[PDB]
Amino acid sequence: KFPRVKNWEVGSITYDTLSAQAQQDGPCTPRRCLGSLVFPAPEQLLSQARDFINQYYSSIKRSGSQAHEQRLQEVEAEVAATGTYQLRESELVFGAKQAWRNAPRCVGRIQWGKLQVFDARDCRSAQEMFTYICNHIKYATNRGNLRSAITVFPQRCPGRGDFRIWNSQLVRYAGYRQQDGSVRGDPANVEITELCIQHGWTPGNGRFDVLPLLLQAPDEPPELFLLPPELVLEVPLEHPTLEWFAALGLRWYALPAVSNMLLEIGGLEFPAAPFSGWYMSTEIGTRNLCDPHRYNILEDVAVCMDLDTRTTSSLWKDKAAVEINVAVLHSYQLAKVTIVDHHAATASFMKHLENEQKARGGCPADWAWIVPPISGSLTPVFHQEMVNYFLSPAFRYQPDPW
């Protein structure tokens, strides 16, 4: 009845029984698989709330207690009287951690139980959002000894617009579109760059200009806030044996902080809830720096390495990409900023899968996202079959607010 899941390296087999509890539908059908696609009332709120409250009381081993029953009744009553309900602080903490644990595209989930949760549900203005965000960044960065964290802004509520952070991450480099169609800086950020400019930002003209934040309080247009440079820790990139590499003037920032996803807990929705961890080196060295549609540095690095770029069979692309990844790891370690390589990260994810099989009888995982973008089959996750499904609490994509 349950999907049989094999590891091909070791030959071990498990059944994913957790998948039977999937709470929402994905995009696949028996006729065709769409797994590779990036982006494919009171009664329902009450059912989701009860399920969540049940999750919480199981988690602390107090299922069936007087406390468990009291909370179920209180939530049902609150929904009946007000159309919604409020989480207790302990439930919010549990819910944020479960959403991380449930995230099928995250390879760093061995860390799921260690998350600092900042409660910003009393926030009242964009100015105050900025205060909460600056404190999050300071805490999470911790002078380079990075700590995972999430700040939760007020939930969606009838009669009131949402809190939103327009930027996709708290730290993003500007992308300035040029006349020929080319881009100076990060091509991923052309749209948000133009929005900042539309909203009164005086642009720079470098390749690594840190963008301001556009923060939206309910029923207000977004407001522009500049991050203090002392707050945004960055790492200049150099290579331990290719001395010219430093002359490329590349850098990246310490803190990956996703700020445009929706956090869903017990039927409640938090459209502003930025979360941060630390980088896996391939995100920077392979994707951000080597994607043709990002900084696209591969050929210039290969030429400086004096590789033969005239034919593909010399594997110049592969050689240059490996050395760029070496530079990222070396540079972050030199700067004493937490980073994890893809071998260490995937090994820890295998341990997570093992832990979760025992704890819950399975683990939702998106193979295409878990396997790293270089050296895929050299990592244990390549050889591991995975089952992808949606559990709640969850982090979800949402439409851009403009």
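If you superpose the two forms and keep the largest set of C-alpha atoms that fall within 1.5 Å, you have the rigid core. Residue numbers here begin at 1 and follow the sequence given.
Put simply, when the other structures in 8 other deposited structures of this protein are lined up on the rigid core, the C-alpha atoms of 180-188 lie farther off than those of the other stretch, from 180-188 and 253-261. Note on 370-378 and 65-73: with rigid core alignment, C-alpha atoms in 8 other deposited structures of this protein sit farther from this form for 65-73. Gaps at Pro40 occur in at least a third of the other compared entries of the protein that contain both adjacent residues. A chain break between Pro40 and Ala41 is present, corresponding to 10 or more residues of the deposited sequence without coordinates. When 306-314 is weighed against 242-250, 306-314 comes out higher, by mean CA B-factor as recorded in the entry. Look at the C-alpha B-factors of 29-37 and of 43-51. On average they run higher in 43-51. Each of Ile150, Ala272, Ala174, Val326 has a CA temperature factor in the record; the biggest one is found at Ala174. Highest C-alpha temperature factor among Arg156, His330, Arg287, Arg184, as the PDB entry reports it: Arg184. Among all modelled residues in its chain, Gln23 ranks in the highest third by Cα B-factor. The entry lists a Cα temperature factor for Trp201 that places it in the highest third of the chain's modelled residues. In this PDB entry, the Cα temperature factor of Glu223 sits in the top third of its chain's modelled residues, the highest group.
Ranked by Cα temperature factor within the chain, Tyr15 sits in the highest third according to the deposited record. Per the PDB record, residue ranking by Cα B-factor puts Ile110 in the middle third of the chain.
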